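A quick write-up on the structure given underneath.
Number of protein chains: 2
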Amino acid sequence: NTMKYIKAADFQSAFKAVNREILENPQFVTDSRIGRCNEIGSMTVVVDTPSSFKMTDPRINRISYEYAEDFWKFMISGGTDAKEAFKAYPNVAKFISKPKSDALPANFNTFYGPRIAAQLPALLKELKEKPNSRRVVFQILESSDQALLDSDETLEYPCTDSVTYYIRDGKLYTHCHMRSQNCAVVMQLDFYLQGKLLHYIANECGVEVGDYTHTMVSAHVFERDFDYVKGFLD
Amino acid sequence: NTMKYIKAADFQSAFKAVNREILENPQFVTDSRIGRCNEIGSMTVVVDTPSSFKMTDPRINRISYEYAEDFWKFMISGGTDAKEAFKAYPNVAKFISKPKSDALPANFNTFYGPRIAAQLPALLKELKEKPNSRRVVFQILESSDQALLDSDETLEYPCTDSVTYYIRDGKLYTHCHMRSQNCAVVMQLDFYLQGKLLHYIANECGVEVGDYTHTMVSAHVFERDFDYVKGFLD
Ligand SMILES: Cc1cc2nc3c(=O)[nH]c(=O)nc-3n(C[C@H](O)[C@H](O)[C@H](O)COP(=O)(O)OP(=O)(O)OC[C@H]3O[C@@H](n4cnc5c(N)ncnc54)[C@H](O)[C@@H]3O)c2cc1C
Ligand SMILES: Cc1cc2nc3c(=O)[nH]c(=O)nc-3n(C[C@H](O)[C@H](O)[C@H](O)COP(=O)(O)OP(=O)(O)OC[C@H]3O[C@@H](n4cnc5c(N)ncnc54)[C@H](O)[C@@H]3O)c2cc1C
Ligand SMILES: Nc1ccn([C@H]2C[C@H](O)[C@@H](COP(=O)(O)O)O2)c(=O)n1
Ligand SMILES: Nc1ccn([C@H]2C[C@H](O)[C@@H](COP(=O)(O)O)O2)c(=O)n1
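Chains A and A', in that order, are what the protein sequence lines are. A prime marks a further copy of an entry chain.
The opening residue of the first sequence carries number 5 in the deposited numbering; numbering runs sequentially from there.
The opening residue of the second sequence carries number 5 in the deposited numbering; numbering runs sequentially from there.
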């Protein structure tokens, strides 16, 4: 029976449990926009100890932590010079290029950083000043991104939907809602970025960290990555 | 031990199980923006049979289905004449009034309907024409709503974050992500609206319905409603 709720002590244990479940007990085996994948709809993953966002198993190597840290610095700095930030990574070129279509502006991008930066002042104020607020939600995916749907663009239509932060009894709790998660590869990056971001937020607020929840409307592993996943299970 | 994952056959069974768990095994007992409540962070609720969105127990009566249907017609019609639509319900007046602050425009509102209406053409096209798309996400809560955070407005800062639809093997699956859920009262309305909306979407696409997932970053019951909840449990 497909297990959709996964609670783990640390990010790596969650990572491995999620990938094992998608490989072994998929809800769907489906031909997607970018190839065949095993998929579980609406997975919920809980990580008890979010400081563990850098996974230790060197076999989980498709996202190097050099790349993850460069991505983090690029994202938290809120800039748009992705060509410079990622010049050492030619394979990401199709995700950082200028919009081809005249429909949306040439300054249009779907980088998370500028959106986080735009919302940080209002969201930090709420998080710091309104006790026990439920209102602190970073919007990543935007309805204005829907202009990408019927286009030939290669820009990311944001896989991350929103990140909610809330503080109870001195601890920061985090809920990252993913529209779409490549659980074998990109989730290593997403776990790193979300781990860094929540510690950034917790430090800004002067609070300690509670736990981390990761919901994924589509949690998938592409068939082309099954061997890679098997390489780090066991 | 606090149960955060609840799977139920129908909306009412989920409703009762969620409320029982918040009352009996809260994660937090917290003083919120609008009073003390029991709370469970990041609850996931699965409803197997989403046609059941009208609950049958007449003791669950704080959201009348006359009101719920009027709300539905108002929302799906995409209009902004809330004063007319809800004239028979004086108690909702503070949620439908014009913005008081000069900061945001006087046409500003947080009604779901116009936002659903704005996104329906692009999202239906994706849902109908891109096979096995993961991209169909109705954004409800918007970052532009953050202008409400440091204001004295009584308008709803959207409790509903997003609603994701996807189709696999002839069936529509729905994932409603709630930022904030009053599980005893308003969740009856939210279940009704989301049940109606997903059947609207499924009919537009000519597909049958799969199941419904409801995630809630804050799932709470106000202490002032504990007696009401106890009245419909058992
Ligand atoms: C701003 C930004 C947005 C991004 N958005 C997304 C996104 O939405 N989705 C996403 O998936 N990634 C996205 N990325 C990229 C992501 O961060 C990772 O770089 C990527 O997921 C790595 O996947 P991969 O290991 O398959 O690398 P890839 O670059 O896809 O593959 C590794 C390289 O090795 C080659 N290769 C290795 N073995 C073989 C073989 N046997 N046969 C043929 N070729 C082989 C491949 O051809 C390829 O060039 C984004 C990056 C940036 C900077
Ligand atoms: C566009 C829109 C947006 C909305 N947004 C929200 C929202 O964000 N959050 C939300 O909670 N609701 C919201 N609502 C309202 C919601 O849809 C329901 O109407 C509401 O949640 C009903 O809650 P209630 O049963 O506590 O009713 P209430 O109106 O809160 O209470 C019932 C009435 O009975 C009175 N009453 C009954 N018994 C007693 C007693 N013993 N002592 C004193 N007074 C008593 C109360 O004073 C009150 O007037 C919205 C409505 C609309 C139309
Ligand atoms: N931060 C991100 C951005 C994207 N993706 C993945 C999910 C899909 O594998 C693909 C996006 O394709 P789609 O838009 O069809 O869901 O990239 C991811 O896992 N994490
Ligand atoms: N569709 C909606 C809109 C709002 N609320 C509830 C959640 C909170 O009880 C309150 C919103 O307050 P807050 O913004 O502080 O979360 O209304 C809800 O349950 N469903």
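Every residue gets a Cβ at the ideal spot worked out from N, C-alpha and C, and that includes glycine.
Residue i lies in the alpha helix (DSSP H); which residues open and close that run?
i	result
residue 98 of chain A	97–100
residue 79 of chain A'	69–80
residue 10 of chain A	Run containing residue 10 of chain A: none in the alpha helix (DSSP H); it sits in the beta strand (DSSP E), 9–12.
residue 169 of chain A	Careful: residue 169 of chain A lies outside any alpha helix (DSSP H), inside the beta strand (DSSP E) at 164–172.
residue 127 of chain A	116–133
residue 88 of chain A'	86–89
residue 26 of chain A'	15–28
Does residue i pass the burial test, meaning 16 or more other C-beta atoms within 10 Å, or should it be called exposed?
i	result
residue 24 of chain A	buried
residue 231 of chain A	exposed
residue 237 of chain A'	exposed
residue 165 of chain A'	buried
residue 51 of chain A	buried
residue 39 of chain A'	exposed
residue 210 of chain A'	exposed
residue 62 of chain A	exposed
residue 162 of chain A'	buried
residue 33 of chain A'	exposed
residue 91 of chain A'	exposed
residue 184 of chain A	buried
residue 138 of chain A'	buried
residue 97 of chain A'	exposed
residue 18 of chain A'	buried
residue 89 of chain A	buried
residue 43 of chain A	buried
residue 235 of chain A'	exposed
residue 242 of chain A'	Given that chain A' is displayed from residue 5 to residue 238, the structure contains no residue 242 of chain A' and the question cannot be resolved.
residue 174 of chain A'	exposed
residue 95 of chain A'	exposed
residue 133 of chain A'	exposed
residue 314 of chain A'	No answer is possible for residue 314 of chain A': the residues shown for chain A' start at 5 and end at 238.
Mapping the DSSP letters down to three states, classify residue i as helix, strand or coil.
i	result
residue 209 of chain A	helix
residue 185 of chain A	strand
residue 46 of chain A	strand
residue 176 of chain A	strand
residue 191 of chain A	helix
residue 231 of chain A	helix
residue 110 of chain A'	coil
residue 92 of chain A	coil
residue 222 of chain A	strand
residue 83 of chain A'	coil
residue 204 of chain A	helix
residue 196 of chain A	helix
residue 215 of chain A	strand
Could you check the C-alpha separation between residue i and residue j for me, to the nearest Å?
i	j	result
residue 228 of chain A'	residue 129 of chain A	28 Å
residue 216 of chain A'	residue 55 of chain A	32 Å
residue 112 of chain A'	residue 100 of chain A'	11 Å
residue 15 of chain A'	residue 71 of chain A'	18 Å
residue 148 of chain A'	residue 31 of chain A	36 Å
residue 115 of chain A'	residue 152 of chain A'	14 Å
residue 87 of chain A	residue 102 of chain A	10 Å
residue 79 of chain A	residue 85 of chain A	11 Å
residue 7 of chain A'	residue 6 of chain A	18 Å
residue 188 of chain A	residue 74 of chain A'	45 Å
residue 251 of chain A'	residue 108 of chain A	What the structure shows of chain A' is the stretch from 5 to 238, and residue 251 of chain A' is not part of that stretch, so it cannot be assessed.
residue 29 of chain A'	residue 223 of chain A'	12 Å
residue 57 of chain A'	residue 22 of chain A'	15 Å
residue 156 of chain A	residue 126 of chain A'	15 Å
residue 48 of chain A	residue 154 of chain A'	32 Å
residue 53 of chain A	residue 11 of chain A	11 Å
residue 37 of chain A'	residue 106 of chain A	45 Å
residue 197 of chain A	residue 60 of chain A'	45 Å
residue 212 of chain A'	residue 117 of chain A'	23 Å
residue 143 of chain A'	residue 9 of chain A'	24 Å
residue 172 of chain A	residue 221 of chain A'	13 Å
Starting from residue i, trace the beta strand (DSSP E) both ways and give me its first and last residue.
i	result
residue 36 of chain A	32–36
residue 140 of chain A'	Segment: none, residue 140 of chain A' is in no beta strand (DSSP E) and carries neither H nor E.
Meets three-Cβ-pair contact criterion under 8 Å: the stretch 192–199 of chain A and the stretch 61–74 of chain A = A contact exists between the stretch 192–199 of chain A and the stretch 61–74 of chain A.
Segment contact flag, the stretch 198–206 of chain A' with the stretch 176–189 of chain A', C-beta cutoff 8 Å, min 3 pairs | yes
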